[PDB]
Amino acid sequence: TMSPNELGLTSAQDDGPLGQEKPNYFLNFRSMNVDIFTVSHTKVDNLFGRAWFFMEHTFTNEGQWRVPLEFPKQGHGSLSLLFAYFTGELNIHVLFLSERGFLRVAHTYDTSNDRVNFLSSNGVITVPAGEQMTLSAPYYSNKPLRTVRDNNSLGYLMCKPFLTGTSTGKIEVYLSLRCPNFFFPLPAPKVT
Amino acid sequence: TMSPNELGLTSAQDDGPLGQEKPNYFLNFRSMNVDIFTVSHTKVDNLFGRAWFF
Amino acid sequence: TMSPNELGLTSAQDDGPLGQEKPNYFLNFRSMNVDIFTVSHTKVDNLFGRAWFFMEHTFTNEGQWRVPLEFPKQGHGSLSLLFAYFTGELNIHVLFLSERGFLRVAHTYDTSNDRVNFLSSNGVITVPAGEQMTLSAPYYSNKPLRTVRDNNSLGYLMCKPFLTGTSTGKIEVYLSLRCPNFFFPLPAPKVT
Amino acid sequence: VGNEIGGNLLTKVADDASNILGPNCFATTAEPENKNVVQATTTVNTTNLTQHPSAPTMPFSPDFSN
Amino acid sequence: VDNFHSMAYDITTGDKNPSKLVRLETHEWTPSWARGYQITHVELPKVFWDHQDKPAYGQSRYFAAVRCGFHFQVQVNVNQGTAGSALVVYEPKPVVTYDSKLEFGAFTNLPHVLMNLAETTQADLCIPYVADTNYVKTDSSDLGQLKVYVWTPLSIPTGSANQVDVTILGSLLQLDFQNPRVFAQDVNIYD
Amino acid sequence: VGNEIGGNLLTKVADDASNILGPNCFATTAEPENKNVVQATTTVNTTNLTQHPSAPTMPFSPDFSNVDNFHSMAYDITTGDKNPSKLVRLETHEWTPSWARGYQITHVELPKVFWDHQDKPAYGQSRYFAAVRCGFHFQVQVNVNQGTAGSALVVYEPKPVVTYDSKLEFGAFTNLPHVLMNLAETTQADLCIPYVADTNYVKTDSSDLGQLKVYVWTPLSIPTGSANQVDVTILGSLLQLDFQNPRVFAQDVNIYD
Amino acid sequence: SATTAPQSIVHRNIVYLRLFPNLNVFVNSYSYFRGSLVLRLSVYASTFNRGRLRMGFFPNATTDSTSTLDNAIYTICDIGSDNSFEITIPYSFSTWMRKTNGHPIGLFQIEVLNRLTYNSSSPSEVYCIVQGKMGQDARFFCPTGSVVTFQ
Amino acid sequence: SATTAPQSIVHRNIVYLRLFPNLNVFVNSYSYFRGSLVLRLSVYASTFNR
Amino acid sequence: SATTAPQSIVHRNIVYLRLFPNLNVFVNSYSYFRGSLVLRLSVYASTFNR
């Protein structure tokens, strides 16, 4: 039968270990699970499998653009802030807004600035002007885990455009991840 | 057991032919192979399979 | 496995009955018994089986000597003071220091002085001058148990010497017991 | 569950991470010697009720045949 | 091996000695303190080598790298008349770094022990090696730090005592010193 | 009966009068989560007694193996443990050619020499224990060019010998674990010495285990051109080590009577 | 006392077998011995008093001075229903047997861990008693002369 | 409080998911939801208070 | 040297992969790595030197 513990009478100091799926009942109540869709939208793989805006850059010349990639404190991706460590594939969505040219894109977790001077070794997929690509950067991280908060939690992204004439433009960036491994959930974030 | 040759004591003039994968040990050490990725990035086919500016 | 009781956490008011051989442990500790000799030196029979000085008497004539025999508050025999009652054989070691003569020795638990007038009935083993004997007096006690403390806990010893000429001397006495029966241990003694 | 459950978790967790030397910690939980009980004693036409009893004592290897 | 055991100790005593339980900290909670106030904290893991009188201080000196598990026992004693509650929680470097950005009251998501005074006198916390790096530099706070907050201030009656002490004890479930180095010399295992 | 019996009566009475809808009340009684128990925890030479324990906590689906499966540190897991038994340089000295036979080249206080400086692998632990019982493995090294010749006596001298050294006849020291090592022939000597004393344990930071010495069997015969600076080095390893008695940091404790 | 601060000492002294009535007798009888020694601290407080106290022991120590017990054989005492706390010292000496009346057993220190708490109707300080006995592996060996005279 | 009378209120307010740190995060992520909500009141008093 | 005394240093320096011709190439190619490193000291003396 039902114990008084499952009826509401408990002790907060007896909750450890963390993660106790204890059932709560009353005479007219029972945990009822109802699913409205064929799958879950709470699973890390599904939720995060959907991109979210990151930032935009306007380029008037080929100069290279390197930006630290970090988890959002803004979109649905904020749900990541509930975790401390991450590891796994990283989907980067880049849009090249230009009239005539090409955009070199590359990703590295390496903090050294110089390693990115010769962009070709790193990757540098090519998005023709007016096209958008989605490259999935692997976990080539020199650190087993990525503190999820760091201003560079995610590796740096490189964008250099091979323009042809006076043409200029702007590069919008969106980020998403493939199968994410989060660990050791930390306390919920505050609001600004 | 382990010979003194595999413990560091050797002779540079006895290295030929070229390509001697001799193992080196000590009491608390052994060659440990750990792979971080599903494949090698040292293989000629893989490394060079990636372009570079010309 | 090990209970918290055997780890040091106990209650002094739950010690009765007397005599609880409870084991005490810790992670790196276990009761280890190591014996340095083929036998015990703590056993009552062994320890007390070894004599200890009692007293000395100097005699210038045959007059009889009667002395109460009691347990020592001085030698290793003091370990007896930890008990209340005794019963068993009593080993008396007497040394006759004289030039020419004989020493009559006898032992009785009887308090009456007169019974000892005719020494022969009691015993009276004969130690020739210059010789020492060890007589084992039985428990001819009119009391089932001998309070161990009494100034006469042990029965009285009689010494009469049959000297021959002007010769004189001294009689040293040592006591030990054969198989001792001690009961009802009392609190430890104080010091002077 | 809890607060009874602790000797096992600590004893176990200690157990899981144990290496060649062994565990570095052991924890055991149980009831105190002074439990919440009541004792009753009856002699000839008498009854003694005590709600705070203690372990009865007696001499070494005693004989009560009297 | 001394067959007579003139030293009645486990043969591996000296070896395990550094993993021994030790007093990491003690502090007196002040009744006036508001909710969410930090009572006391301990630098992890360098605190186990806090002083040269720490069992682990010896070895810790000869190695730059460390990988270990913890077993904390925060003790707080208060008479029955008084009441209150403290939050014993483990905060990895990530949390310690961005502490002000986190909402108190949610810290219950971390290995903790809301321990209600007048009910519990000690809290137990088993914390495994947690970091974004395989190994942590010895004599560093990279393993994060254990803290004790004020869940609900102390409600000390008139006559009741007013000096409550909070103590933090620590044991190493498992210890591992790898990188050799000069005596207590700062070595960088990180990039 | 009572006060334990109530969940059943209420649960039952509710049960008896139940109609088509069902019972209109359920009652369950049991023991509180905070029961009257006592917990005891023991670590190395320590015991924590708590009479007001609480449910121990821990992270989500935790792993306490504490072993790095990637081996970012490619060392034997027991490296730190065995570290103090590691081989170390105990002494070095330059034999002077002029020295006569039987002269003492160099000596090392045993066993306190393994904690000679705070830079000794064993210095760390040695501090937290007053008693020691260990075995030794010495390796006295002496190098000399082929042109030169000579011989040294590497011998272990227990406290008994060290005490009465002048009373002993040199040339008979070959009775002790030694190595008459003839230079120009051998460059190193090996000596395996077990725990030797008249007491089960030796006080840490003491010379009671005796001391290893190096004498001049036959003085160095160094030719004209040959070098004249011969160095004698003493290395030591602990075949087996054992620290028992706990004590304050490096505080002189008397294990003896 | 309520007054004593944490880490303050409530008791400290060098322990010898003769410091115990029962044992002192064997000390005056046997010359040597071996085995573990057990000390039991009994703090007599009210049901309201609470607090912790750590008592350690440095075997074979001689310098009677307060010192951190983190490396000593200690036992933390949390006041509850069973307020009697034990601490075992395993035999620790260079020799297989040790003088009954020789070198100290070690340094015994009982430091305050958490101030003894109380309330309006409970004592601000309590009484403590320290007892001592031999372990189940205790042994005595040679009987020697006497160093004192009992009564 | 000892002062508050029976039937007097010690707390009253309208509850929203955003009023909770953890939940407020999901509130800012997901648009809809379902299921039961559990609230746990923890009163920290002494062993004498009743 | 014959001149250098015991405990005197004959060589000391901080080692980096780039300090090696072959390795320095990989240093300029790959960003990370792992594994043990082997150093071999070859002293070229005569058969008489010891």
# chains A, B, ... in the order shown; residues from 1 in each chain; ligands from 1
call {"tool": "select_by_dssp", "arguments": {"residues": "chain D", "states": "strand (DSSP E)", "output": "number ranges by chain"}}
result
D: 26-30, 39-43, 46-50
call {"tool": "write_last_selection", "arguments": {"atoms": "N, CA and C atoms", "output": "compact mmCIF listing (two decimals), in the first residue's frame"}}
result
# COMPACT_ATOMS: atom_id res chain seq x y z
N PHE D 26 34.81 2.87 5.96
CA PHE D 26 33.73 1.94 6.29
C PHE D 26 32.73 2.66 7.18
N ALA D 27 31.44 2.52 6.87
CA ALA D 27 30.40 3.17 7.66
C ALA D 27 29.29 2.19 8.03
N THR D 28 28.94 2.15 9.30
CA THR D 28 27.89 1.26 9.77
C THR D 28 26.88 2.02 10.62
N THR D 29 25.60 1.81 10.33
CA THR D 29 24.53 2.47 11.06
C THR D 29 23.63 1.44 11.74
N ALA D 30 23.12 1.80 12.92
CA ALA D 30 22.25 0.90 13.68
C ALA D 30 21.54 1.67 14.79
N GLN D 39 10.20 -1.34 30.68
CA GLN D 39 10.39 -2.58 31.44
C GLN D 39 9.42 -2.66 32.61
N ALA D 40 8.94 -3.87 32.88
CA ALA D 40 8.01 -4.10 33.98
C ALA D 40 8.48 -5.30 34.81
N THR D 41 8.52 -5.13 36.12
CA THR D 41 8.96 -6.19 37.02
C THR D 41 7.95 -6.41 38.14
N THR D 42 7.57 -7.66 38.36
CA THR D 42 6.61 -7.98 39.40
C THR D 42 7.11 -8.97 40.44
N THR D 43 7.01 -8.57 41.70
CA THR D 43 7.41 -9.42 42.81
C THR D 43 6.08 -9.74 43.49
N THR D 46 3.42 -7.00 43.91
CA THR D 46 4.03 -5.72 43.56
C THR D 46 4.34 -5.67 42.07
N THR D 47 4.35 -4.46 41.51
CA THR D 47 4.64 -4.27 40.10
C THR D 47 5.41 -2.97 39.90
N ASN D 48 6.63 -3.08 39.41
CA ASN D 48 7.47 -1.91 39.17
C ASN D 48 7.49 -1.58 37.68
N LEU D 49 7.03 -0.37 37.35
CA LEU D 49 6.99 0.07 35.97
C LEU D 49 8.05 1.14 35.70
N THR D 50 8.97 0.84 34.80
CA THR D 50 10.04 1.76 34.44
C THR D 50 10.03 1.98 32.93
call {"tool": "interface_residues", "arguments": {"of": "chain I", "to": "chain F", "cutoff": "6 Å", "atoms": "only C-alpha atoms", "output": "ChimeraX atom specification"}}
result
/I:48-50
call {"tool": "closest_atom_pairs", "arguments": {"of": "chain B", "to": "chain I", "cutoff": "10 Å", "atoms": "only C-alpha atoms", "output": "Markdown table"}}
result
| residue | atom | partner | partner_atom | distance |
| --- | --- | --- | --- | --- |
| B:8 | CA | I:40 | CA | 8.2 |
| B:9 | CA | I:40 | CA | 9.6 |
| B:10 | CA | I:40 | CA | 9.2 |
| B:11 | CA | I:42 | CA | 8.4 |
| B:12 | CA | I:42 | CA | 7.5 |
| B:24 | CA | I:38 | CA | 8.6 |
| B:29 | CA | I:36 | CA | 9.8 |
| B:30 | CA | I:36 | CA | 9.6 |
| B:31 | CA | I:36 | CA | 7.7 |
| B:32 | CA | I:35 | CA | 7.8 |
| B:33 | CA | I:35 | CA | 7.7 |
| B:34 | CA | I:35 | CA | 8.4 |
| B:35 | CA | I:34 | CA | 9.4 |
| B:36 | CA | I:34 | CA | 9.8 |
| B:41 | CA | I:30 | CA | 9.0 |
| B:42 | CA | I:30 | CA | 9.2 |
| B:47 | CA | I:29 | CA | 9.6 |
call {"tool": "residues_around", "arguments": {"residues": "range 83-94 of chain G", "least_positions_apart": "5", "cutoff": "7 Å", "atoms": "only C-alpha atoms", "output": "ChimeraX atom specification"}}
result
/C:8-12 /E:6-9 /F:199-202,245,255-256 /G:34-44,59,75,77
call {"tool": "interface_residues", "arguments": {"of": "chain D", "to": "chain F", "cutoff": "10 Å", "atoms": "only C-alpha atoms", "output": "ChimeraX atom specification"}}
result
/D:1-11,13-21,23-36
call {"tool": "write_last_selection", "arguments": {"atoms": "C-alpha atoms", "output": "tab-separated table (two decimals), in the first residue's frame"}}
result
chain	number	residue	atom	x	y	z
D	1	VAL	CA	14.42	6.06	2.66
D	2	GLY	CA	16.88	7.65	5.09
D	3	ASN	CA	18.18	8.41	7.63
D	4	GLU	CA	18.71	4.68	8.32
D	5	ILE	CA	20.33	4.26	4.92
D	6	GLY	CA	23.88	5.54	5.16
D	7	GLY	CA	26.03	2.73	6.39
D	8	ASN	CA	25.35	1.01	3.10
D	9	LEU	CA	25.93	3.96	0.76
D	10	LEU	CA	29.15	5.07	2.41
D	11	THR	CA	30.24	1.48	2.86
D	13	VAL	CA	30.68	4.03	-2.36
D	14	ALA	CA	33.83	3.40	-0.41
D	15	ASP	CA	33.61	-0.08	-1.86
D	16	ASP	CA	33.21	0.97	-5.51
D	17	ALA	CA	36.25	3.23	-5.74
D	18	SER	CA	38.43	0.76	-3.87
D	19	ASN	CA	41.70	-0.16	-5.50
D	20	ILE	CA	44.45	-2.66	-4.72
D	21	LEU	CA	44.89	-1.51	-1.14
D	23	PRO	CA	38.48	0.65	0.68
D	24	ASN	CA	39.57	3.80	2.49
D	25	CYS	CA	36.37	4.05	4.54
D	26	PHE	CA	33.73	1.94	6.29
D	27	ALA	CA	30.40	3.17	7.66
D	28	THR	CA	27.89	1.26	9.77
D	29	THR	CA	24.53	2.47	11.06
D	30	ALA	CA	22.25	0.90	13.68
D	31	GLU	CA	20.08	1.56	16.73
D	32	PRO	CA	21.52	3.06	19.95
D	33	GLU	CA	22.04	0.88	23.02
D	34	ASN	CA	19.57	3.13	24.82
D	35	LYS	CA	16.40	2.42	22.84
D	36	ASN	CA	12.84	3.59	23.50
